[PDB]
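Each remark here refers to the structure printed beneath this line.
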Amino acid sequence: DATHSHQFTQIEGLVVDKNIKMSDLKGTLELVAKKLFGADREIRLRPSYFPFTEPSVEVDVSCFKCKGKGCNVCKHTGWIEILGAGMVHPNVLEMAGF
Amino acid sequence: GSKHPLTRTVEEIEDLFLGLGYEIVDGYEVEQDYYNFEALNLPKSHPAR
Amino acid sequence: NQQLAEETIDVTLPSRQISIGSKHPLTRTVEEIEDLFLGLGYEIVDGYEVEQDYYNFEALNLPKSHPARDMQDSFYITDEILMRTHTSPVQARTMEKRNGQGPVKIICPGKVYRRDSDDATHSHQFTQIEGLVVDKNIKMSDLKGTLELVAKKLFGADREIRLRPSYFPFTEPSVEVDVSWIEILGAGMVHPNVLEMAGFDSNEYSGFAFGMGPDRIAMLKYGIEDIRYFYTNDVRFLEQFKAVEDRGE
Amino acid sequence: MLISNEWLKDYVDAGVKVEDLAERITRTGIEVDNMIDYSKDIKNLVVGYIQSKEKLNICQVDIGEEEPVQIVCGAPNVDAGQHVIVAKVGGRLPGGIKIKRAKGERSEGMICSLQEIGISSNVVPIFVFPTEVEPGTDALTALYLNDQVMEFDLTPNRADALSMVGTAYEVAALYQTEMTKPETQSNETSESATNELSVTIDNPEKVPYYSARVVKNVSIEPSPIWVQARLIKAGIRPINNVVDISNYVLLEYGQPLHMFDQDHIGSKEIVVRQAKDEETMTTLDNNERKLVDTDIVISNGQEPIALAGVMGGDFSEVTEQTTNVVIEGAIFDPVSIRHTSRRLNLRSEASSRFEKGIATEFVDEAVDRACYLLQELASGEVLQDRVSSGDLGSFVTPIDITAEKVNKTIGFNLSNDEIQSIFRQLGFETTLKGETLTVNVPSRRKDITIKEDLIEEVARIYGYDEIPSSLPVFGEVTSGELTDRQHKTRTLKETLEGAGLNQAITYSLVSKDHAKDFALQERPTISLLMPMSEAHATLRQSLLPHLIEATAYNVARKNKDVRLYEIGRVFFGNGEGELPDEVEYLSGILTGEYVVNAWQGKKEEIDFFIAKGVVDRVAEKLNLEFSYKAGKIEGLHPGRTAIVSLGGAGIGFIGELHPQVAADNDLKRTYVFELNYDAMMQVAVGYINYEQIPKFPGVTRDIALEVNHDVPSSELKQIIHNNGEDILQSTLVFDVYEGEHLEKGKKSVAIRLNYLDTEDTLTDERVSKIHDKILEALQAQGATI
Ligand SMILES: O=C(Nc1cccc(S(=O)(=O)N2CCN(c3ccccn3)CC2)c1)Nc1nccs1
Ligand SMILES: [Zn+2]
């Protein structure tokens, strides 16, 4: 229906290295929001849970329409959810051979 | 002719990541439970399996 | 019944061609090198083709006295203004605007001019790609690494190359790279006078730079016998460059 | 999971509005996705007391004012002596509706049903107060519905929050105030349930815990209004004091409890074991159930008396004439429970809890809560002890972690004392030992098992707003680049697009009778086990069916000019339980005008040869060569279908649609092509081959060859190349004539022969020598000049 298709597109990323931190996630998610929605985009990280990651968040971009205080795109919220992200969970690393 | 809007967004994200040193990777759309789920820390139990 | 039989075509007959233009081979070599450097985080920078002798010479460690600034070898317009002889001035100008703050990691493609007669290996206007890296601990091994990537991108990875000590005013130590032997890249560690003049502290920052010539690279890669073919625009030349390329088999 | 504000402050008080509390809860991990306001629409609603009642009914309610009000009411069971719920004149209600001085007789305000005030379906058990509550009292207050409930969409890792006490631990953390658990200590009869009761598990691999207490002499009836409302709030119709006291402590501790009537169990012995082959039993459903190896039952000592986890028995349950009770509190293997419930379509709120896993910490305490309750509210009398089987083990698992590790994962900069405070306010006992904190995680948080879990707790609480922003610096340096295939695909898509073709994106799943359309090999198809939809049931073995549909769709919308391409995968089955072969295809479809400029008379209709021209522009751009030979493909025009080949292998086809397929789809002349793009991409092309422009001019001769009408022009071109020795460069058909000026069944094909020596100029005589040889070869193969 208007908001669900049984076949859709996704882009995932995976970065795995030695000192990867969640601030490194943040910085990267920020380039993503800028790329998609403009150089002035900020992001917002909200606690959440997925099984493969931990800590996990859902990520909003600031609204590229209304500059602050709200419109129908961001649902007078200022923030639009666009990504989920998180630190990969050890079990996933260990199962992969890492 | 046009580029599909979904392809456009996918390409700009690839471009971004290419300039950062990443690889763009493709694999199977029909997949095994192991890789779709287990390897991703959804044991045979789970509510999403 | 007869419909299908009467509407039988000869499917082997000429198709209605929808023709493709070509990208100039000089442009191809340029783009390829840009794409290589994009994926390492560089910026492609574009600047003036007509330059001040400050930027084209002085800022590059070629004082008033230098044989390089000889009016017989470069295309001057006044005593102070000339057709640039290389894309280094864009790299020198970009540096100064950075105001002592790195990293610089830039690639500067474009047309450069040399006061000379044209023949099969010399055009008075040709193309060049320069690069500049400036950052805190840049070392020559870092140069070597980047140069091998360039060679690998241009001529494939098994292609044999040769590094030879050499000398340029604006770098030290310096290097030339041959490909199996033919020279293609010149490069060096940026000379501190050059860092110091464009406002970097050569005690903190080191650099490396390089140039190569797509006209020459292309001639070598394809066996193009006369550089002037690039600037003549015979369609029987240009149309040989329509198709994609891979590494190969 | 539904969580009443009023109710939670039994255990913790956030000293804050329910919105504020939802917000803070959502901002720290658990999403409150809605807030139900049971007081929904409600103004001026008081207790009142019908003093006298006439004759629907004229009532004199004292509503706590100086004088009684008169209310007319014809509701079914209503008299004086009743304390009731009254919405005064000037009040408000759910449904709609707001009520004033009406008249006929004289009616001032409104006495109420439940529903009327706004309860629900399937959850409700005019309204009379069981207790003699002061007239004029706020009515919802007295009704325990002066309340909003928070609805949580909880994730598998937050089972703890499937309980009022677990949720109370969560919120105590968030406001770092205190929570309090509710009364569990009863007063115990001299006797013990050890003397009453026997418990064994014959299947301890599947049952870690089973246990039971006994409470004698109980007064079935109704529960107070609080027990009742709470159950309604929490989504469950309040049935009787003992069905309630179970379901309620479920909600309270998350520990499911079963209620047996002692006297109708059928022994003084309980046995937990697996159901057997085909094993029969009928459950308080009165629906009879035959079982499997893999169901857990309860038995008395040869009686399947309860499907553990899932249901009860007929016979051993609590009827209202029960007066002694065994109360079960067990742990049943999360998945045994899951599969039973599942299959018999028998999900309870108590199986669902066994699915998520149980707080070990809470089993005995939950039991003890329902015994104290049964005491308190079924006047019951409490035996000493429990009969427990099978060991619960430790209630604290210690995890070490360091501040460094926490700052190293998140990238903030917290001290031990910051970190320590978070665990202590989550109620975890922590001890520092040099740089290492040992965190005693309680069994009540079974989702915390590793240091990373503890990292998450810190992250979520201290707050993700705080994490500074950085970018990863990669010490293996590598230039990010499209692969060669990837780059070729982008360039190819630029080429198609540059020729006017729009990029389509179609569904992979088609109908099962469409899945093999245009397929090359018989290869098996891949169907879903449970399609959402007959039209998306099997994976396509071709891109064309949905591209044809998209064309039909467009054309019916009066979009007559359609040019689409797709690169997309098709799917051939690899027999059974293997992954299929996924193959990438380039396909497209074309209909309508290719070039129009009406005012200049230009109108170039798309025909086979322009479709060919697109497939050739593909080959040209990729530096490939294709060849073309007539082919028969079902669904294409038998007369206008070519097979496309690369290195002598078939990779695809190009063809006009069959007139019957086009007619079905109400299309005109329409052309598709499909190409195995994987085959195409396997060809290594290398670098472009530059050849210097020939120094010398070539020579052209034209020939006109009369030949049987069905000889393909490729055949004549091959003969010419075969005889063209060193100088024949290329050959071009420039005219084909079939008409009356020529033997019927013959055509005349005019071919331009181009000759060229790169090393020399061509003498007429050198050309003639070969040209004559070519003519003869042609003549001898039936091609008259
Ligand atoms: O340092 C460079 N680049 C550089 C380094 C070495 C070699 C070459 S090269 O092969 O292209 N070259 C071109 C110039 N040639 C000259 C020019 C004058 C004198 C001597 N030789 C030699 C070959 C380029 N530029 C900078 N811009 C800003 C700061 S540093
Ligand atoms: Zn907005």
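By convention in this document, chain letters (A, B, ...) are assigned in the order of the sequence lines, proteins followed by strands, and residues within each chain are numbered from 1. Each ligand, and each atom within it, is numbered from 1 in the order the structure gives. Computed from heavy atoms alone, side chains included, the values below leave out hydrogens, waters and symmetry copies.
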#### Entry: Side-chain heavy-atom pair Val194(C), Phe200(C) within 4.5 angstrom cut-off
no
#### Entry: Contact atoms of ligand 1, heavy-atom distance to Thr171(C) under 4.0 Å
1 (O), 5 (C)
### Message
If we set the cut-off at 4.0 Å for heavy atoms, which region of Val194(C) has an atom near ligand 1: side chain, backbone, both, or neither?
### Response
side chain
### Message
Between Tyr690(D) and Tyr222(C), is the ring centroid distance below 6.0 Å?
### Response
no
### Message
Under a 3.5 Å cutoff, is there a donor and acceptor pairing between the side chains of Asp484(D) and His487(D)?
### Response
no
### Task
State the atoms of ligand 1, each with its element, that fall below the 4.0 Å cut-off from a heavy-atom position in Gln91(C).
25 (N), 26 (C), 27 (N), 28 (C)
### Query
Is the Zn ion (ligand 2) less than 2.8 Å from at least one N/O/S atom of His76(A)?
no
### Query
Is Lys23(C) positioned over the aromatic face of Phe241(C), cation under 6.0 angstrom from the ring centre and no more than 45 degrees off axis?
no
### Query
In degrees, rounded to 10 degrees, what angle do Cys71(A) atom SG and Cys63(A) atom SG make at the Zn ion (ligand 2)?
110°
### Summary
To the nearest 0.5 Å, atom OG1 of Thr85(C) lies from atom CZ of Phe75(C) at 11.5 Å
### Message
Just to check, does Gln128(C) reach to within less than 4.0 Å of ligand 1 when the distance is taken from its heavy atoms?
### Response
yes
### Task
List the closest protein heavy-atom neighbour of atom 3 (N) of ligand 1: residue, atom name, distance to the nearest 0.1 Å.
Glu130(C) OE1, 2.7 Å
### Heavy-atom side-chain proximity of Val57(A) to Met22(A) below 4.5 angstrom
yes
